[PDB]
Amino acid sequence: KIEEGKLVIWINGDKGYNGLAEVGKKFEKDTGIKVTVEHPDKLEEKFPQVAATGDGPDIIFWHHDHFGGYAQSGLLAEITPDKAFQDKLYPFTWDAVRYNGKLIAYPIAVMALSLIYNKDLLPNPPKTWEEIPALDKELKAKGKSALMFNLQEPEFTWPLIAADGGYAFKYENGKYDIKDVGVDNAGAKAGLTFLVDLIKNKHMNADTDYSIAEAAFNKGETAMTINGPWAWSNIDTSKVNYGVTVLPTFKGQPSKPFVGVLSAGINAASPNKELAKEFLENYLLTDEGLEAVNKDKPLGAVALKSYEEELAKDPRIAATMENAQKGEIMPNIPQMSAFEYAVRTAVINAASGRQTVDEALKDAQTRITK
């Protein structure tokens, strides 16, 4: 069972856990309670296993989409932030931690893809997807290319596909309608066709993956790429002069990237729910708290309005939030895995020539709503 009298926190090893610990030291000073921060391997898989037996950490940190399954099994406590506290965070982040109408976690950070460009090759990045073909025809003339990004995963290609109307699951009144899927509608078809045409016209290659795109951009071979905050440090070392900005529009509409929200959940079995709330709300979710975590390992954009406004002085972070507000929160239902596999296959088949855009999307649609 979970020990009372202390707080045990689990967070991924790729996060600023040393920073969380510093926030833990300030909490300990005022309450006399010690905070332990651990980062187990395969945390997302271990938590549900131990929490099921009434054990595990008092607090679990992980992107939100995984919390829907946890809440389904009753592994998370409903949090109780009052109106005042809720207004301190961006409205859309609360939607990311909602399941069956209940708030089951505290939003911490906001992740989303942005357009990254080489300022030396492209002082003024394109505002639309449509102008990319001609831009590439200009650059290839100089031995360069306009754009290169990972085409293997839906995470990177769905922003364009969704722009004109595609969607995973219809969301209304805080709930996804698993039978209302927007994969083979007119909008998704327009987006995927534009993507496939880029490949057919030799502006992109169907085989381009993460490593390839990153290397090409970091070597100054391509004017643009699409990636998240996790990729910035590698570009910093490459010395390429770059900027991060809003994703291009399609047919005048916003590219919609999926939005991931680093969230903090409270174990339903924890006898320390009062200590966890206090720590999360009044120590971590403060300018001083997020700053501590962010200085250890960058969080990217954050859900706390006050601190986000400060972090947004960095255009890269402002861009991240802008794309996030224009995107769609990653659904936290189990059917999302079906969408990801189905759409991953559809894009690969259309990009290769195995299937036409219309047939590829029709198959995925039917596969998802099965």
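Note that residue numbering follows the sequence shown and begins at 1.
Colleague: Please work out which of 239-247 and 277-285 has the higher mean CA B-factor as recorded in the PDB entry.
Modeller: It is 239-247.
Colleague: Higher mean Cα B-factor in the deposited model: 170-178 or 157-165?
Modeller: Between 170-178 and 157-165, it is 170-178.
Colleague: Please work out which residue in 115, 268, 84, 198 has the highest C-alpha B-factor recorded for this crystal structure.
Modeller: Top of the list by C-alpha B-factor: 84.
Colleague: Out of 308, 314, 58, 44, which residue has the highest Cα temperature factor in the PDB record?
Modeller: In the PDB entry, the greatest C-alpha B-factor among 308, 314, 58, 44 is found at 44.
Colleague: Divide the modelled residues of the chain into thirds by Cα B-factor and specify which third, lowest, middle or highest, holds residue 8.
Modeller: Within its chain, residue 8 is a lowest-third residue by C-alpha B-factor, going by the deposited values.
Colleague: Would the CA B-factor of residue 326 place it in the lowest, middle or highest third of its chain?
Modeller: Residue 326: CA B-factor falls in the lowest third of its chain.
Colleague: Ordered by C-alpha B-factor within the chain, which third holds residue 35? Give me lowest, middle or highest, please.
Modeller: Middle third of the chain for residue 35's C-alpha B-factor.
Colleague: Taking the values exactly as deposited, rank residue 335 by C-alpha B-factor within its chain and report the matching third: lowest, middle or highest.
Modeller: It belongs to the highest third of the chain when residues are ordered by C-alpha B-factor.
Colleague: Would you check the entry's CA temperature factor for residue 297 and let me know if it's in the chain's lowest, middle or highest third?
Modeller: Top third by C-alpha B-factor.
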